[PDB]
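Here is the structure we will look at.
Labels below follow one simple rule: chain letters A, B, ... track the order of the sequence lines, proteins then strands, and each chain is numbered from 1. Worth knowing before you read on, the calculation uses all heavy atoms, side chains too, and leaves out hydrogens, waters and symmetry mates.
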Amino acid sequence: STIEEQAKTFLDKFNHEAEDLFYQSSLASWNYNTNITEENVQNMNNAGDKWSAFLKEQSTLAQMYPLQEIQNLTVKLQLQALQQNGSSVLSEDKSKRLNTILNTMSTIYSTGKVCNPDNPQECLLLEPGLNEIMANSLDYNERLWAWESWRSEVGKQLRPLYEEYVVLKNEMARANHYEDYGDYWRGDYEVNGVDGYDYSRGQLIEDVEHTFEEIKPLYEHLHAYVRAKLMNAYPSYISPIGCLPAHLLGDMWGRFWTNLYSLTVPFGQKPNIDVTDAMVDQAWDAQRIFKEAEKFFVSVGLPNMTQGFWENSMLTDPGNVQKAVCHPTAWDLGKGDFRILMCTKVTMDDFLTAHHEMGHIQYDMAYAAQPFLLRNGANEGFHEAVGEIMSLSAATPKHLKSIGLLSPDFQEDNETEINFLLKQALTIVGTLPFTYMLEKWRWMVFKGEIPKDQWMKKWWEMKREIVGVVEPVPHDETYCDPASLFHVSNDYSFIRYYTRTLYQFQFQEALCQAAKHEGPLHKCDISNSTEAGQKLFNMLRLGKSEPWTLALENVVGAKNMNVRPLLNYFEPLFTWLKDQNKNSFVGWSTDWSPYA
Amino acid sequence: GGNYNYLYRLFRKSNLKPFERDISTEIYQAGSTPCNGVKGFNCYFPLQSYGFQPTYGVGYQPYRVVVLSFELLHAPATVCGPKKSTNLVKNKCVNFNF
């Protein structure tokens, strides 16, 4: 019989039950995440196992279709998505071994406990405490000891597991018609549909490093400024020619330098802008915050937020034994069900968090018209970019004053602009080299280009070159420093946050261009710009129904992945640093270590 | 918990004529393999059950619809709307419609 027609019928029959089963599972997960109780675990057991038994046997049926003659690109793509066989392509023993090692890795990583040697009866965890002591302290021995303890008592026993975990992962990557698991992680960043916009998994391999060298001078100037600040704050502890140790950045992974902002403040005489007192005096509750934030979306042009939402979704005050998770999430339960899960309080951080969450909620509405299997973004770097672009746009003092939150007679100058630019740069642009080096490490360790022995040496020698992070204490081959990270024992791709930031900056620059705004790119306002909303909405609704190459054609001018706006956003910061690190050599030397 | 008492046809060989109803429960044949009254390789059940819930969003909730169709066959007509009447007045030359 015909294939394409019966393929469409099978797709529709699948989607009919997929919609309601996913709806039920998401509703149960939402209910427990709002109502944390003991009786809401067995129901998720019976729901998740059913969801798994629905996602595989239907995919098992997605093998009788010869996906080579289908003319429709959408049907072919959807069937290919269902044509995935998962990790069940191996034997049962190997699959159960993989599941066992994943579960035990998660459990052991979730049991981080290090004791202070003077009192071995007091072990701390990754939660506040050890992490809080490390982040907010002025000392060298304690922070270094905490770093060593965390990366030795958690970074050693996971190494033998990782040894065969990597080879098993690459093994069923080979069994899944992929040369390496790196290409498995790069399969998403690939399109093989319409001509002229073709992309390949191997293209992203060389598409990552070439867009960073243009940002390298800015990172070098920032590192020189940080080194000078450390010299005037931590005398005789940082090499002026070289760089700083791993632990002195602020975080053990060197991901963010937010904890270092107070030490490296450009102009600490003037405090940063905080209008929490405005909420306190004006009595702006959670509903007022949410409505005043929704006025931004109303002004943008996106559709108004659905009625009944305040009823179903919890917002504030878990209160009594009725406990709810305080992790702000946007839940798309399906069948027209969208909800928010956050512990709203009186804080501008909570203001921006609610902004990001409602941005995710609006993105959830965006792909409502898409079919069941096309209700996802084109690539992983779009959801968070969309969430954060508006948060960056809604944090300007002009935006605060526009809602009447601020007086019309301020005297803002370049000092506060520079201070805010450097405060935001310590986290935004200060994580790109770490993301790049971590992604290279994961790609090469899943590619097999480096043997077992060339793991610690290569990792440290490239970390010193790229980020500028030296070993506070020497390590040996048995140590696995990257193993003490969230997205290293969880098998989650980390390239999301790399392209995500560039998507943020490109889309923000495009909105500023087509938003009737002039001046520096860090002071753009997109409120009350209906024309700018349509530019985003043209792609937000599409989701995964169209290529990401086509996605970078309705918002940005060019489909190429060019880092245009990063060098212009921190332009005042760069020209201020031009007059800052005049007497300090920029860069670092890979020959000095804190121990020797 | 979900109102599953509502079902609707999803697969049929052809369309519906105006004012045509079919309650046939024959298993649809997407492919060419015959099926002896049971679904299988290329056969699916032609009716799908609704899962209506109060938690359903706008447009997905159950809706009650009634369509009135008016027929005027040459037979005598009896379905007609009400016709009101005024009050009678006496001893005054008026025009009436009894």
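Rounding to the nearest 0.5 Å gives a distance of 7.0 Å between CG of A:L249 and NE2 of A:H223. Within the model, atoms OG1 of A:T435 and CZ of A:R255 stand 6.5 Å from one another, a figure rounded to the nearest 0.5 Å. Atom CD in A:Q370 sits 9.0 Å away from atom OG1 in A:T74 (nearest 0.5 Å). Note: A:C512 SG to A:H522 NE2 = 11.0 Å, rounded to the nearest 0.5 Å. From A:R339, atom CZ reaches atom CG of A:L315 across 11.5 Å, with rounding to the nearest 0.5 Å. Rounding to the nearest 0.5 Å places CE of A:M437 at 6.5 Å from CD1 of A:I466.
Among all heavy-atom pairs drawn from A:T549 and A:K559, the shortest one is O-CB, 3.7 Å. The minimum heavy-atom distance between A:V194 and A:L73, with the atom names listed, is N-CD1, 3.9 Å. Nearest heavy atom pair, residue A:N568 against residue A:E571, reads O-CB, 3.2 Å. Contact between A:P572 and A:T575 at its shortest, heavy atoms only, is O-CG2, 3.2 Å. Considering all non-hydrogen atoms of both residues, A:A558 and A:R564 come closest at CB-NH1, 3.8 Å. Across all non-hydrogen atoms, the minimal contact from A:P217 to A:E213 is CD-O, 3.4 Å.
Around the CD atom of A:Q58, the shell of radius 6.0 Å holds more than 12 heavy atoms that belong to other residues, nucleotides or ligands. Residue A:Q307 places its CD atom among 12 or fewer non-hydrogen atoms of other residues, nucleotides or ligands, all under 6.0 Å distant. In A:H327, the NE2 atom is not crowded: 12 or fewer heavy atoms of neighbouring residues, nucleotides or ligands sit closer than 6.0 Å. Atom CZ of A:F267 has more than 12 heavy atoms from other residues, nucleotides or ligands within 6.0 Å. Surrounding CG of A:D281 are at most 12 heavy atoms belonging to other residues, nucleotides or ligands under 6.0 Å away. Under a cut-off of 6.0 angstrom, the local environment of NZ in A:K401 is sparse, with at most 12 non-hydrogen atoms contributed by other residues, nucleotides or ligands.
Between A:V563 and A:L566 there is a side-chain heavy-atom pair separated by less than 4.5 Å. For the pair A:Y189/A:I495, a side-chain contact is recorded, criterion being any heavy-atom separation below 4.5 Å from C-beta on. A:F290 places a side-chain heavy atom less than 4.5 Å from the side chain of A:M342. A:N379 places a side-chain heavy atom less than 4.5 Å from the side chain of A:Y503. The side-chain heavy atoms of A:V275 and A:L400, taken from C-beta on, include a pair separated by under 4.5 Å. Counting only heavy atoms from C-beta outward, the side chains of A:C524 and A:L521 approach each other to under 4.5 Å. By the 4.5 Å heavy-atom criterion applied to side chains, A:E439 and A:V208 are not counted as neighbours. Looking at A:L552 and A:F507, their side chains come closer than 4.5 Å, going by heavy atoms from C-beta outward.
A donor atom on one side chain and an acceptor atom on the other are found under 3.5 Å apart for A:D364 and A:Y367.
Using the six-membered ring where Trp is involved, A:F54 and A:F14 have ring planes that are parallel, under 30° apart on the 30 and 60° scheme. Classified by interplanar angle (parallel below 30°, tilted 30° to 60°, perpendicular above 60°), the ring pair A:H487/A:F494 is tilted. Ring orientation note: the planes of A:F446 and A:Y181 are nearly perpendicular, at an angle over 60° on the 30°/60° scale. Ring geometry for A:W51 against A:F22 counts as tilted: the plane angle lies between 30° and 60°, on a 0 to 90° scale. Under the 30°/60° scheme for interplanar angles, the aromatic rings of A:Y23 and B:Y56 are found to stand perpendicular. A perpendicular orientation is assigned to the rings of A:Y178 and A:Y184, their planes being inclined by more than 60° (bins at 30° and 60°). Using cut-offs of 30° and 60° for the angle between ring planes, the A:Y219 and A:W257 rings count as tilted.
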TODO: For A:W331 and A:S29, run side chain to side chain contact (heavy atoms under 4.5 Å, CB included): C-alpha distance rounded to whole Å, both residues' side-chain angles, the deciding distance at 0.1 Å, then the answer.
DONE: CA-CA 9 Å; A:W331 287 78; A:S29 301; 3.4 Å; yes
- [ ] Dump the intermediate steps for side chain to side chain contact (heavy atoms under 4.5 Å, CB included) on A:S59 and A:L82, then the final yes or no.
- [x] CA-CA 5 Å; A:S59 170; A:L82 291 175; 5.5 Å; no
- [ ] Just do the side chain to side chain donor-acceptor pair (under 3.5 Å) check on A:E384 and A:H360 with the steps written out, would you?
- [x] CA-CA 8 Å; A:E384 279 299 317; A:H360 265 290; 3.0 Å; yes
Open item on the list: Evaluate A:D207 against A:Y199 for side chain to side chain donor-acceptor pair (under 3.5 Å), listing each step before the verdict.
Closed with: CA-CA 11 Å; A:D207 203 65; A:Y199 209 78; 3.2 Å; yes
- [ ] Determine, step by step, whether A:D274 and A:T276 satisfy the side chain to side chain donor-acceptor pair (under 3.5 Å) criterion, reporting the C-alpha distance in whole Å, the side-chain angles of both residues, the deciding distance to 0.1 Å, and the verdict.
- [x] CA-CA 6 Å; A:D274 177 36; A:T276 311; 2.5 Å; yes
Open item on the list: Please determine whether side chain to side chain contact (heavy atoms under 4.5 Å, CB included) holds for the pair A:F351 and A:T347, giving the CA-CA distance in whole Å, both sets of side-chain angles, and the decisive distance to 0.1 Å.
Closed with: CA-CA 6 Å; A:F351 195 74; A:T347 305; over 6 Å; no
- [ ] Could you go through the side chain to side chain contact (heavy atoms under 4.5 Å, CB included) check for A:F382 and A:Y363 one step at a time?
- [x] CA-CA 10 Å; A:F382 278 175; A:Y363 201 93; 4.1 Å; yes
TODO: List the steps and the verdict of side chain to side chain donor-acceptor pair (under 3.5 Å) for A:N419 and A:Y261.
DONE: CA-CA 10 Å; A:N419 197 0; A:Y261 164 67; 2.9 Å; yes
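Figure legend: A:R201 and A:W185 shown without cation-pi pairing, the cationic atom not lying both under 6.0 angstrom from the six-membered ring centre and within 45 degrees of its axis.
A salt bridge does not link A:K291 with A:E294: every distance from a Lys NZ or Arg NE/NH1/NH2 to an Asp or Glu carboxylate oxygen is 4.0 Å or more. Using a 4.0 Å cut-off between a side-chain N of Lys or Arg and a carboxylate O of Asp or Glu, A:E220 and A:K216 do not qualify as a salt bridge. Ion pair A:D183/A:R186 flagged as a salt bridge, since at least one NZ, NE, NH1 or NH2 atom sits closer than 4.0 Å to an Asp/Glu carboxylate oxygen.
A:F309 and A:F338 have their aromatic ring centers separated by at least 6.0 angstrom. Two rings, from A:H16 and A:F372, have their centers 6.0 Å or more apart. Centroid-to-centroid, the aromatic rings of A:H221 and A:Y225 stay 6.0 Å apart or farther.
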Atom pairs and distances, donor-acceptor, side-chain atoms in residues 525-542 of chain A, under 3.5 Å, two or more places apart:
{"from": "A:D525", "atom 1": "OD1", "to": "A:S527", "atom 2": "N", "distance (Å)": "2.9"}
{"from": "A:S527", "atom 1": "OG", "to": "A:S299", "atom 2": "OG", "distance (Å)": "2.9"}
{"from": "A:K535", "atom 1": "NZ", "to": "A:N554", "atom 2": "O", "distance (Å)": "3.4"}
{"from": "A:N538", "atom 1": "ND2", "to": "A:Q534", "atom 2": "O", "distance (Å)": "3.4"}
{"from": "A:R541", "atom 1": "NE", "to": "A:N538", "atom 2": "O", "distance (Å)": "3.4"}

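Residues that satisfy the ring-ring contact (aromatic ring centres under 6.0 Å, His included) test with A:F297, not counting sequence neighbours, are absent from this structure. Legend: residues meeting ring-ring contact (aromatic ring centres under 6.0 Å, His included) with A:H517, ordered by chain and number and at least two apart, are absent.
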